[PDB]
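One chain comes next, on its own, written as structure tokens: the form solved without the ligand.
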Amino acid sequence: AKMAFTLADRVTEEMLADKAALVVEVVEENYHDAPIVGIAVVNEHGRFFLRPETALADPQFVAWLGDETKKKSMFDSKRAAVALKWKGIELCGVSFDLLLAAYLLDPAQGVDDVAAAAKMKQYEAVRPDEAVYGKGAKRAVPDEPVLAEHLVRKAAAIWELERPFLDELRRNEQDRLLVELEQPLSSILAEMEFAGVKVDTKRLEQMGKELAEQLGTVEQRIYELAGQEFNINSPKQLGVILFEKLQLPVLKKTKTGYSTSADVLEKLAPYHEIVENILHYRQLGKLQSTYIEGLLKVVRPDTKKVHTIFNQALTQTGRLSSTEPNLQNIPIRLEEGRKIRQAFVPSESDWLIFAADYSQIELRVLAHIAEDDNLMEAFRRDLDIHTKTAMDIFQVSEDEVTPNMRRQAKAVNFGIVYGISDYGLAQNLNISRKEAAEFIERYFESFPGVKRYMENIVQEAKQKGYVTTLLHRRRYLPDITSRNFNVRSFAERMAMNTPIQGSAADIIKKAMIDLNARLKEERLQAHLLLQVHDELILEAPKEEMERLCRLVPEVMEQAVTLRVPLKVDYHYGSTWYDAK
């Protein structure tokens, strides 16, 4: 049966009660400078639908939106807040965000709409968004009557579900995680996305020309060495050329055919000159297609800025993700790709990019959680952790640690964190399975606390059904009891890794909140631009660098207090690249 509501042609006092479920609908997936297709309000007085051009033009409604004392319950308030920021309207008073609540309760449900969250509490008097707007090419805003009922039903569900969701969060001891961490962070992420990052499109364009020329040369050389032209970017076609025409050895297969990944090509290089050329071609193409063209496609021509959207309710560990563009995977390891960062510059003249990153936060967190004596002492001495791990598992003095030993000790660390999986380890160190397990065994002997932790955490996951982070974020691990070795093992690794990655996410998130409070207190113009898992990127007047050098590291290091210190390195410069 249809849901009753007033489709108002004008705003009234009733719609401005001090508490309500609010819906400011933005259908475009990328909400930056996007249109708001309709508004719905549900409160003590009833249910209302307002046309955007009407409500947003009304002084009272706008004032109500920005009144922090007028409490609103919503779903994905960040989306609404940013869309409104582009319209010069401030949204305040959001005291409950159903999307974030559902996310904290169970990241695995993939809740991405009101209907999905509501289904968790057996509430189904609301339709999934996809059912209303369609999917992909056929996506479209329906006529007003259909639009209004949907928005009103969503607002109604939020109004009804607020209490049940908050009660379960309290029971999970996650209420403060929502109210004091994720919701305040949501507002900070909205300012970050709205501010955007300025881009030197001319530099990017020039790089594009050079890459295009280099790709041309290499592409011809490749056909020359192959004796024919073919689609190099086709693992299928390239496979026939390498393994059939040139007879190269098949070291690995893919469910669909021959493997041609970089790791495989590396081993094949000695056999034929075409291999190094394909590898080189892959490097250039990655830069050209994914980064140069990728960035130039989303830069706003008017401001030359890119406005990423941080998905705050997606990852199973509590990390954020970045889209359109993804600014969390910009090249840095290889010097050629690193050059791309020279294209990200300050948004104002005489301003600079400042970057601060936690040094080894995952292992410091592990030392804390496992309370491993050797590991805690290592960080208390601020030792090079990889060299120290090498010394321990290879039983040698610091002067006896060779470059290769340290490299493998690093791999073990990079691994211990992701759950002991000799297969993944052996694959990375290009060694055997047993050998990979042998290192692991040596590591636990040097760090018995870590071993006890890994055992205890897995048992705890089995007993409770989930694992938790420092700030009470949780992840359910149903496969922990699976009788399938592989499925169960993966779940055990997740049991081991989630508390580490998840707790590191909690910390930097708290740091962002703390940092913004300090910046405001100090009246600095510096502001956050990006977060990349364990590092924060800001821009500010050149005159604020010295103060930032002391303040940013301190706030990040003092976000939480662990059994070991937290260390933050920092750098600043004229471009993101120079912030090294």
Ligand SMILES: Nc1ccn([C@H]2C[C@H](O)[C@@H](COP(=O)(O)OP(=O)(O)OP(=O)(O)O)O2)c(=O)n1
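Start at 1 and count along the sequence shown; that's the residue number.
Here the subject shifts to the form deposited with the ligand bound, a form of this protein not shown in this document.
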{"query": "4.5 Å heavy atom contact, residue 226 and the ligand in the entry with it bound", "finding": "no"}
{"query": "4.5 Å heavy atom contact, residue 472 and the ligand in the entry with it bound", "finding": "yes"}
{"query": "Interface membership of residue 438, the ligand in the entry with it bound, 4.5 Å heavy atom rule", "finding": "no"}
{"query": "Contact label in the entry with it bound: residue 177 to the ligand, heavy atom within 4.5 Å", "finding": "yes"}
{"query": "The single option of 348, 173, 377, 273 touching the ligand in the entry with it bound, heavy atom within 4.5 Å", "finding": "173"}
{"query": "One stretch from 198-206, 369-377, 159-167, 463-471 that, in the entry with it bound, holds residues within 4.5 Å of the ligand by heavy atom", "finding": "463-471"}
